[PDB]
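J.: Dumping the structure here so I can ask a few things about it.
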Amino acid sequence: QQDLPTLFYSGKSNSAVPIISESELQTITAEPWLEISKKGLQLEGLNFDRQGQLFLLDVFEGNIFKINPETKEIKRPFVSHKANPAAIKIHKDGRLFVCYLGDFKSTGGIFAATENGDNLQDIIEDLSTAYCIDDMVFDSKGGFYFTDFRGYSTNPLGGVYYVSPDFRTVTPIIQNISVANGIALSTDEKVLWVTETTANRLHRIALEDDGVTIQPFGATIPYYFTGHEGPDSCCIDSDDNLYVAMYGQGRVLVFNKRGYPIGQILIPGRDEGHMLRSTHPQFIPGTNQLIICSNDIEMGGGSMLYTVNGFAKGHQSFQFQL
């Protein structure tokens, strides 16, 4: 957390229910942090381990990178054996859970492995299930919610599902979503955030204490995004703010706990069409420094990790609890 552009609780960003348009949002431009390659890689799945080391991957080739935020050294522990891996969520026991899309129609799933790619275990099989899992989030009990990345605008085949801590039970939380993409839990785990990419909508779901039942009229749409392509991955901070990467828009939008926009982070070169594939936001553990990955594949230009300081320190998600 150095002297990078920072988001402050000023003006409408400090209001509980600010009435404001995207063009007037407190805005900052992210700075280059670490180039992953001169080559165009579909970077995704940012996630730090208990040691504060950064893990991520590229969807198309399945490479898995481990980065030292301190020295900025890049390592390539292993490669996904499953097609189109999209996210990495680290378990409290140190394992890496990898969500993958497969053929984009039904051969997706989730597998776990060690930091080095050993002990490959199937959490959710690809052929026995019809899921194409794009992301997930662990609750404090070891269970997790994942997004079913399927369908399109008027064909809502997607949805959100909950997997029990023993990975034996899978129960649907909310369905009829045109490609569920990003997902996150509020600090108290009573609210579930989900982004619907092909319909440009943000979902806010109030859950009962059992964590699987939606409160009466608890599933709402606090925000309608705009622009091609749509909302992608997201994460929260300790103040319960939501950071949403906008795929194809070269930006990240930030909302407060009530779902109102309060911040905007732009990726350099977006106006000229560069680095529009901003796919994931993630905080360096114990700090308010946000890391954002994007790539310039669409114009032949490499893969970069950008950074800025968010409103508050990152949240102590599962891999940081004990």
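Residue numbering restarts at 1 for every chain of the structure tokens, chains are lettered A, B, ... in their displayed order, and ligands are numbered from 1 as they appear.
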Using 8 Å as the limit and counting only C-alpha atoms, can you tabulate each residue of range 19-85 of chain A that touches range 290-301 of chain A, with its shortest atom-to-atom distance in Å and the two atoms involved, as a Markdown table?
T.:
```
| residue | atom | partner | partner_atom | distance |
| --- | --- | --- | --- | --- |
| A:38 | CA | A:301 | CA | 6.5 |
| A:39 | CA | A:301 | CA | 6.6 |
| A:40 | CA | A:297 | CA | 4.6 |
| A:41 | CA | A:295 | CA | 6.4 |
| A:42 | CA | A:295 | CA | 6.4 |
| A:43 | CA | A:293 | CA | 6.2 |
| A:44 | CA | A:293 | CA | 6.9 |
| A:46 | CA | A:293 | CA | 7.8 |
```
J.: I need the residues of range 1-239 of chain A that end up classed as strand (DSSP E or B) by DSSP on the backbone, written out as an NGL selection string.
T.: :A and (6 or 27-29 or 31-37 or 43-48 or 54-58 or 63-67 or 74-79 or 85-90 or 96-100 or 109-113 or 121-124 or 133-138 or 144-148 or 152 or 155 or 158-163 or 170-177 or 180-185 or 191-196 or 201-207 or 214-224 or 230-237)
J.: Using only C-alpha atoms, which residue out of A:318, A:223, A:55, A:8 lies closest to residue 136 in chain A?
T.: A:318
J.: Check the smallest atom-to-atom distance from each of A:251, A:50, A:82, A:168 to residue 316 in chain A using only C-alpha atoms, then report the winner.
T.: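 Once distances to residue 316 in chain A are computed over only C-alpha atoms, the minimum belongs to A:50.
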J.: Using only C-alpha atoms, pick whichever of A:235, A:212, A:199, A:67 has the shortest atom-to-atom distance to residue 143 in chain A.
T.: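 Going through A:235, A:212, A:199, A:67 one by one, the smallest distance to residue 143 in chain A is for A:212.
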J.: Just give me the gap between CA of residue 75 in chain A and CA of residue 320 in chain A in Å, one decimal is fine.
T.: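 Spanning CA of residue 75 in chain A to CA of residue 320 in chain A is a straight-line distance of 22.2 Å.
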J.: Can you list, as a list in words, every protein, DNA or RNA residue that comes within 9 Å of residue 138 in chain A when you count only C-alpha atoms, leaving out same-chain residues fewer than 4 positions away?
T.: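 Once the nearby chain positions are removed, what remains is residues 89, 90, 91, 142, 143, 144, 145, 146, 184, 185, 317, 318 and 319 of chain A.
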J.: Given only C-alpha atoms as the basis, pick out the residue of A:236, A:284, A:64, A:174 nearest to residue 115 in chain A.
T.: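 The shortest atom-to-atom distance to residue 115 in chain A comes from A:64.
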J.: Rank A:169, A:233, A:119, A:47 by their smallest atom-to-atom distance to residue 195 in chain A, using only C-alpha atoms, and report the top residue only.
T.: A:233
J.: At a cut-off of 8 Å, using only C-alpha atoms, what residues contact residue 135 in chain A? Leave out same-chain residues fewer than 3 positions from it and give the result as an MDAnalysis selection string.
T.: chainID A and resid 86:88 99 146:147 181:183 233
J.: Take the residues that were just selected and, keeping C-alpha atoms, output them as a PDB file, in the first residue's frame.
T.:
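Done, and the output landed in out_2.pdb:
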```
ATOM      1  CA  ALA A  86     -11.718 -19.771 -14.603  1.00  0.00           C
ATOM      2  CA  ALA A  87     -11.122 -19.259 -10.888  1.00  0.00           C
ATOM      3  CA  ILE A  88      -8.933 -20.232  -7.947  1.00  0.00           C
ATOM      4  CA  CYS A  99     -13.345 -23.845 -11.133  1.00  0.00           C
ATOM      5  CA  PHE A 146     -20.475 -21.401  -6.962  1.00  0.00           C
ATOM      6  CA  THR A 147     -21.775 -19.834 -10.166  1.00  0.00           C
ATOM      7  CA  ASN A 181     -20.377 -15.041 -13.234  1.00  0.00           C
ATOM      8  CA  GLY A 182     -19.022 -13.204 -10.201  1.00  0.00           C
ATOM      9  CA  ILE A 183     -19.979 -14.074  -6.635  1.00  0.00           C
ATOM     10  CA  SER A 233     -15.723 -11.347 -11.168  1.00  0.00           C
TER      11      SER A 233
END
```
